[PDB]
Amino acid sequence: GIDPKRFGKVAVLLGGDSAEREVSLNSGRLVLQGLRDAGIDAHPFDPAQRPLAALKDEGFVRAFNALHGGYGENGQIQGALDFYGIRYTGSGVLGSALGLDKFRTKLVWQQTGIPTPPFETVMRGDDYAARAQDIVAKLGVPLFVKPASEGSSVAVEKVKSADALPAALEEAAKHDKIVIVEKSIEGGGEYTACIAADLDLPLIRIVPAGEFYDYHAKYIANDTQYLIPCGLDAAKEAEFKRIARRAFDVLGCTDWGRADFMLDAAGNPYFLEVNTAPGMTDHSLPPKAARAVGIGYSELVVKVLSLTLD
């Protein structure tokens, strides 16, 4: 119950130049309506088409970031907004940049007791056959080969056989100077924990129809399931929500986003990444998690924006 005047003049950052301009336009237009439904003085601002300095010059005090990919997510616009004195939703420079770097995220997690798949690295110019032998010996198969980060050119690959690993390594190393090779977490399920301020949001179980939550399962298929309830017992659900929040916090992220994790057959969790720029379309996961606990869309957006006060 915040007087919408306390928010002042608000920009919704949407659109941009990235390959995810269209999810951002969709999300941002809805966010904008959510804020205006609450009587907040909100206005769209597409940084690809307006000069960024206009945020300061036109007197905007804060921004709801609905950008996705590139400068909108990686710390670059975060830094510029801090430089221009504009408060914004989501994580600051370090958290944003670190969240997109799966290598350094996993190092920090390993040092701070956040569970994450065992992994090795391969560098461009390595003896890929030699590295493959050593990695299989340590981790077995299957393996996930992914950018250290991140997703730029070469899609995540599940390697099922030792003899296929050298080629997968060489190809991944052509498009990132650091490649992560993780043990495949098998025999459980896949989950995500949405984080929004102190809201108690339920876990979601992600059930791809195919091998893993690949591009096809995310963007092509209409049959990926996003399940609430997630199927876990109350104690485990509480435990994993707590670890998810610590996993975000230790990276310097602040509490808007999602933490993604796998369970093995024994029910142990292994975190894969954080996402500091989740979607806000009417089919996106944070609005679903919020609606499951009685929080509607406009309420959710207002709550996220409230974290920029004080």
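Counting begins at 1, following the sequence as shown.
Checked against the record, the higher mean CA B factor of 176 to 184 and 112 to 120 lies with 176 to 184.
As recorded in the PDB entry, 21 to 29 is the stretch of 21 to 29 and 285 to 293 with the greater mean C-alpha temperature factor.
Of the candidates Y128, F144, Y191, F103, the one whose C-alpha carries the top B factor in the deposited record is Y128. Within the group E239, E73, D223, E157, the record's highest C-alpha temperature factor is found at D223. When the CA B factors of the chain's modelled residues are split into thirds, the value for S96 lands in the lowest one. Sorting the modelled residues of the chain by their CA temperature factor places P44 in the middle third. Placement of the Cα temperature factor of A209 within the chain: highest third of the modelled residues, per the deposited record.
Compared with the other modelled residues of the chain, the Cα B-factor recorded for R50 ranks in the highest third. Residue-level temperature factors show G279 in the highest third of its chain, judged at the C-alpha atom.
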